[PDB]
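S.K.: First the structure, which I've put down as structure tokens, then a few questions once you've had a look.
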Amino acid sequence: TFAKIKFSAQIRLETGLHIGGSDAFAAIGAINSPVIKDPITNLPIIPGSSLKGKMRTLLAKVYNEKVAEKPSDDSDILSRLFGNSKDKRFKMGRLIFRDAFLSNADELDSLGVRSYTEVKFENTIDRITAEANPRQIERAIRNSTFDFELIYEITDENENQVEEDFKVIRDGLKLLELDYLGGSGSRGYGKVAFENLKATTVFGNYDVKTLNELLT
Amino acid sequence: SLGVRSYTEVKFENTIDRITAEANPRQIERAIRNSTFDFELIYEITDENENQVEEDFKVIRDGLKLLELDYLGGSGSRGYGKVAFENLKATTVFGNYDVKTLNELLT
Amino acid sequence: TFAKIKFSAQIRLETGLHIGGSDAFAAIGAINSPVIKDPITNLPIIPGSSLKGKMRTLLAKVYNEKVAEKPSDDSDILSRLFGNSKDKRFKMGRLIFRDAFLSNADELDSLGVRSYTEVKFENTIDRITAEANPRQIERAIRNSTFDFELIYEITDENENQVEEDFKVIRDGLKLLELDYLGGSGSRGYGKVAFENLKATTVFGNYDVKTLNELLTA
Amino acid sequence: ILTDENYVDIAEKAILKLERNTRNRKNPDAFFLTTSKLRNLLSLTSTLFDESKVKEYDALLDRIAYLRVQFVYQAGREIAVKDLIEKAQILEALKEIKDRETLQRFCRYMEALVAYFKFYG
Amino acid sequence: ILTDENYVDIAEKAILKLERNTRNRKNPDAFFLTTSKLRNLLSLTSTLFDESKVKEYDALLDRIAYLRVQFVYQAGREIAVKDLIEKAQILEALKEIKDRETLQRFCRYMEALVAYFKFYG
Amino acid sequence: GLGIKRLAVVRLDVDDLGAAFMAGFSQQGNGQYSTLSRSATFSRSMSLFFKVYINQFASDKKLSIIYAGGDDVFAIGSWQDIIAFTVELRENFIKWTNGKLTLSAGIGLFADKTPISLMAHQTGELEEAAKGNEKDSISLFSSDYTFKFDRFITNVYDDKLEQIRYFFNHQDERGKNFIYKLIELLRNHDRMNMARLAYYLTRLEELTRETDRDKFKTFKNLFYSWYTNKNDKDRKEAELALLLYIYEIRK
Amino acid sequence: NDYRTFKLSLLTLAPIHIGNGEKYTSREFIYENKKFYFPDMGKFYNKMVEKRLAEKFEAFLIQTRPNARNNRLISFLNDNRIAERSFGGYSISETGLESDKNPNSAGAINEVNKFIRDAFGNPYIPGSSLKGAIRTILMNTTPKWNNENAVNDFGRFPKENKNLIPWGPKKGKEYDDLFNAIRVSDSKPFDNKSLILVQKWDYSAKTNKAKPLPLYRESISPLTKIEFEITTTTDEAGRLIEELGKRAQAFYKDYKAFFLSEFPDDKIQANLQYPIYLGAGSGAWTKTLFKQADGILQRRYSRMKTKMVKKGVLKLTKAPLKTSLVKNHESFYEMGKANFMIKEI
RNA sequence: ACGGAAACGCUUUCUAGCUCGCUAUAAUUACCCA
């Protein structure tokens, strides 16, 4: 068979997220580090490169039994899952991390929210001379959702990695429920929460009855 | 009328090194969301193919049911896909074979 | 292996904190210096950025042997907790300081509180000619609590330095009650406590019971 | 009545329309209205202007209903504030409080009144 | 007035035309108007100019007249900002807000004002 | 480790060697010098320059003259040596040819292991865009960087690049982020960006330390000179000077 | 640890009012027992509209009525029998000496400036109050800071220099910011029933008269103790808080000979501890530089309310007696004369 | 019986790392108006 499987999920923000964007020289008093927004709707967009590369750099610590000097040196548990540039059979690596374009806006404007991107203020104080240095950085608002989805494709090339990859990706989702996923994380941004990890086999003879009993 | 300056956006990107932890930024140019493109696919029917023409029309349709589940582009494992067809009809163009056996299977 | 532990505290205020608000469309005879705010519910929250930048100088007053003159010159007991911008292996900082949210909305409605902020007139009396120059700087109310989350890392590069930095982190927890969490400082505005410490490993295999000795004591 | 695009101008051409001190001819054409007697008007509104954002208007309408009586009372204590509330129709605008956005619009209109009074004299 | 191309020179010689510290020549040719009496105005236009690219024009038209409130108000406190709005035709250009585009253009004019105000000393 | 792993390809062309050969000396005089001996001597001089002497200008510099001669030089190599080799080739060609017969080179940057007929085509495209500029031009890294050579080596590679290099060598606050923002303000450049740059330089003016502060003050005085110069002959020059400096200090 | 804490405790010899700006106006309180009542007037009006007489409430508020015992809303709440007293609010006791020569007027007062209260409804004293009180003492009792707090040749007797004390980043120097090392924390919220609404009482110079004023600010009941946390981290401001025990008595001594002399010491209080002046009504000399604003402070008042000649008129109050702290009859207190003691903990 | 048939400019890559909205600031001053 050929089994493409779609992982419907709800990225709900808490401690609202900022992904970087155009640090091309913006206006004077305006936002210094603006968020990347989808140019049709101007809602915040969490692109798939942040998700895939962040889950790459976080599953580095989990499933690379050896220390990895670079993402080419990922093991053959992650090279088949996130792609690899120098491996023989692990190019085109089976996971299309689709984006999310701020799914709810009829809900988030039903709550009395002016704009979906707050402009939180920040500065820095040097320890010597204590000079201030202010900045206005853009973030998405707190209780947003994000209709995020994966595409895992099973081409009968594996035939044994049915659940050898979902214990990896589900615990990566747990990592992202703990770690920040995007932007100035160590100041406490991002903090996505993954809700309703709904897998559905959009192509293939396959059941989720052995899948969502682990993915909860 | 939706309101956009140019139809090509610049998705900024980088490459955080795994040990050095130094970024490496990119300016990847993309074409913006929900742009609808003219797409036409000329199938041609000969007398030898006339056994499995209707079979092959459940392959091209199945070839576009999968292209809405794959990226149809490049660097498409990080998004850049989900390319969804619409108005997927089947007209006829200089050929006297009725397309009424097909249009309920595509649309 | 790779573990990841969680430090949960309750920032209970005493005469709470003004962290400068966002909107400039303020007022004439009302708030002209608001507090930072979660814009979906307009709650005063404590961001993790003020916590990190306060603890940076508060622990650099203790653990720096050298004078700073700059950031990215901390004494490397902090530069693995708060990160350098320059050191080759210490670009990251392994401490995540999540934004503390105002928790006890339920008990502070039992207390006769109209709204969860206040307007505190704080004028500038001119030292000659005695004329007044008012300001209305808005602060969080006196006894709110905040869910100060915290997340610490454990890798195959932290053999014994998991517990080396804990009494460096706890130095920040019992020196934050020596300083004022950002605000105006010398008019109160920061005296706090950190109730109900419950430290556990939210990821990875690490012990919670032998871990629980040096935190609250 | 006042809407989003006119409420400055509603408070513009009303301020040139009020009378001034025809007598007391030292720095003449000065307002009978004094600045403290207009800050007593605005300070009622400006607390509700920020209470409106946190709360909701249906949990707020009682204080604007009493603020009606407050503008009556401050009008009832002087010959200038009795003149101000109708030469600039604040008591007309106080009958239309229909949502929180109109409430904040009326508060910004009061701020425009204070601003255009401070702009002159 | 303000178009798409002419406003930067307008802001330039509206910074030049402003009068400076003539008496008390302690670092002279310095503005009586303080920079914190300009940045408190431009912090309105910046929170318009970056929340204009998200929204409509006709959703922003509550804050747009509040700009004309606050410019009148801060012009009424110091004589320097009243001098500024006389040199720099701010209130005469706030009538020229008809869409998202001219609003963003006026905010670029305000940024040019603050830029050339910081430029001279 | 300072410098970027590039390889630049220059394709010169003598500007109308067909017209300098066919008509040439016949412009001078009443046909007194419209002889055969002068044309043979001139073409042997072009042969002796472009077929012998290029191995002298390429001697210490690290490159490969793939093809040379007649009215074409296709020389691949490393980009500092390629730029310096074009500099020395024209600055001794106008000593060789008295400033007459200006050469119109085109230098493109190309990454490591990119194919060469893909690369010779782009080099030829930049070459013909430099050809049609005027009588002569250099085209550097793209057809929008098209200057006269008399403007390129004197202003950029002698005046501006050394000021830019010395200004960033003898200080360590303003690293590469400031150079990148200067390049972007040089590249976008509407009327409002001159105001944004006048804000940027003045905001950085009082931010540098007091010791090496007037170096920044004379550099912003010397930078706002060419940025707002109202000519566009002194602006893309400065953007290319900053691009050359960034490529020279690439880590 | 270089953070040298102290602890300042403040007894209230005098009526002490601070802050909060807002007030309850003339027709905005209830006096039917011996206790003043301040409900929420919006809550009161919204409950009174169920009694449907609110249209008369429109005419009651503009009612210019003599014999003001019927003016102050007791007549609205006894003439039409609305006497529920369930309105959300806080009750306080009366002074007793609140009005002079006004029989049955224990309720015909007009304006009560609020004391500062937090969102809980329990009044405290903020540390900005004590720090503003401290800055005048520590400015006048140091001779290097008393010379040029003057015109700066900028306007018409405008303001202080504000530069005699180190202030701000000062880009290029160390961290100076001297007053940041005096971290005057806010007091703990005490009992609600320690408020008296004392009247301002002017005692005129060159006129032996005690003409009172119609502004009864809610002050603090006498002889109550207040806590204050004060920390120090720089040695110079630390030495200033150490030398407070000399500078307070020195400022009060040089302020007595500058101002309090020629005035009779019967109404003037006694110290009995470390004396200090807190806010809202203690005279501008307790809020300024007394030997610097001779003709500079009083130059502004060229109005209907000019300070008599040069220097302010003495301000007194009226509040009942405990323990004496008054040192005469008729209960003329001094409106802001507080006591403190200090000890490093 | 088309220099034509067969040919995805494609694979990998967190716009990231560091940064207190901070520094000074008694809601106060004056004594009255018919």
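Ligands are numbered from 1 in the order shown, chains are lettered A, B, ... in the order of the structure tokens, and residues start at 1 in each chain.
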Looking only at strand (DSSP E) from DSSP on the backbone, list the matching residues of segment 246-302 of chain G as JSON, numbers by chain.
M.R.: {"G": [274, 275, 276, 277]}
S.K.: Hey, what does DSSP flag as helix (DSSP H, G or I) within segment 51-214 of chain A? Can you give it to me as a count of residues only?
M.R.: 36
S.K.: What are the residues of chain B lining chain H at 6 Å or less? Count only C-alpha atoms (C1' of nucleotides), and put the answer as a ChimeraX atom specification.
M.R.: /B:13-15,23
S.K.: Write out as number ranges by chain the residues lying within 7 Å of residue 18 of chain H, counting only C-alpha atoms (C1' of nucleotides) and excluding same-chain residues fewer than 5 positions away.
M.R.: C: 83-85
S.K.: How many Å lie between atom CA of residue 339 of chain G and atom CA of residue 325 of chain G, rounded to one decimal?
M.R.: 11.2 Å
S.K.: I'd like the neighbourhood of residue 137 of chain F as JSON, numbers by chain, where a residue qualifies if any of its atoms comes within 6 Å (using only C-alpha atoms (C1' of nucleotides)), though same-chain residues fewer than 2 positions away should be ignored.
M.R.: {"F": [104, 130, 147, 148, 149]}
S.K.: Can you work out which residues from chain A touch chain F at a cut-off of 8 Å (counting only C-alpha atoms) and hand them back as a list in words?
M.R.: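 Per the criterion, chain A yields residues 24, 25, 27 and 28 of chain A.
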S.K.: List as CSV every residue of chain H that is in contact with chain G, defined as an atom at most 10 Å from one of its atoms (using only C-alpha atoms (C1' of nucleotides)), together with the nearest atom pair and the distance in Å rounded to one decimal, sorted by chain and then rising number.
M.R.:
residue,atom,partner,partner_atom,distance
H:22,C1',G:169,CA,9.7
H:23,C1',G:168,CA,4.6
H:24,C1',G:167,CA,5.8
H:25,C1',G:132,CA,8.0
H:26,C1',G:129,CA,3.6
H:27,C1',G:19,CA,5.2
H:28,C1',G:280,CA,6.3
H:29,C1',G:284,CA,6.7
H:30,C1',G:305,CA,6.1
H:31,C1',G:305,CA,4.8
H:32,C1',G:305,CA,6.2
H:33,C1',G:304,CA,9.1
S.K.: Pull out every residue of chain G that has at least one atom within 8 Å of chain D, counting only C-alpha atoms, and report them as a ChimeraX atom specification.
M.R.: /G:41-43,45-46,58,61-63
S.K.: Put those residues in a file: N, CA and C atoms, as a PDB file, in the first residue's frame.
M.R.:
ATOM      1  N   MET G  41     -21.973  55.341  45.813  1.00  0.00           N
ATOM      2  CA  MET G  41     -23.035  56.205  45.313  1.00  0.00           C
ATOM      3  C   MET G  41     -23.675  55.673  44.038  1.00  0.00           C
ATOM      4  N   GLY G  42     -22.927  54.927  43.224  1.00  0.00           N
ATOM      5  CA  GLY G  42     -23.541  54.240  42.099  1.00  0.00           C
ATOM      6  C   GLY G  42     -24.439  53.103  42.549  1.00  0.00           C
ATOM      7  N   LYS G  43     -23.973  52.320  43.528  1.00  0.00           N
ATOM      8  CA  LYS G  43     -24.800  51.270  44.119  1.00  0.00           C
ATOM      9  C   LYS G  43     -26.006  51.860  44.832  1.00  0.00           C
ATOM     10  N   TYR G  45     -27.487  54.774  44.116  1.00  0.00           N
ATOM     11  CA  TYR G  45     -28.428  55.282  43.122  1.00  0.00           C
ATOM     12  C   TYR G  45     -29.150  54.146  42.404  1.00  0.00           C
ATOM     13  N   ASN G  46     -28.447  53.049  42.117  1.00  0.00           N
ATOM     14  CA  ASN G  46     -29.071  51.930  41.429  1.00  0.00           C
ATOM     15  C   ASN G  46     -29.999  51.125  42.326  1.00  0.00           C
ATOM     16  N   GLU G  58     -32.742  63.954  41.217  1.00  0.00           N
ATOM     17  CA  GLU G  58     -32.160  64.921  40.298  1.00  0.00           C
ATOM     18  C   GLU G  58     -32.331  66.336  40.830  1.00  0.00           C
ATOM     19  N   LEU G  61     -30.085  67.216  44.185  1.00  0.00           N
ATOM     20  CA  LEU G  61     -28.648  67.433  44.085  1.00  0.00           C
ATOM     21  C   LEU G  61     -28.321  68.861  43.669  1.00  0.00           C
ATOM     22  N   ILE G  62     -29.197  69.496  42.889  1.00  0.00           N
ATOM     23  CA  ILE G  62     -29.023  70.887  42.491  1.00  0.00           C
ATOM     24  C   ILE G  62     -29.720  71.853  43.437  1.00  0.00           C
ATOM     25  N   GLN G  63     -30.319  71.347  44.514  1.00  0.00           N
ATOM     26  CA  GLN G  63     -31.158  72.126  45.423  1.00  0.00           C
ATOM     27  C   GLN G  63     -30.297  73.066  46.257  1.00  0.00           C
TER      28      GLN G  63
END
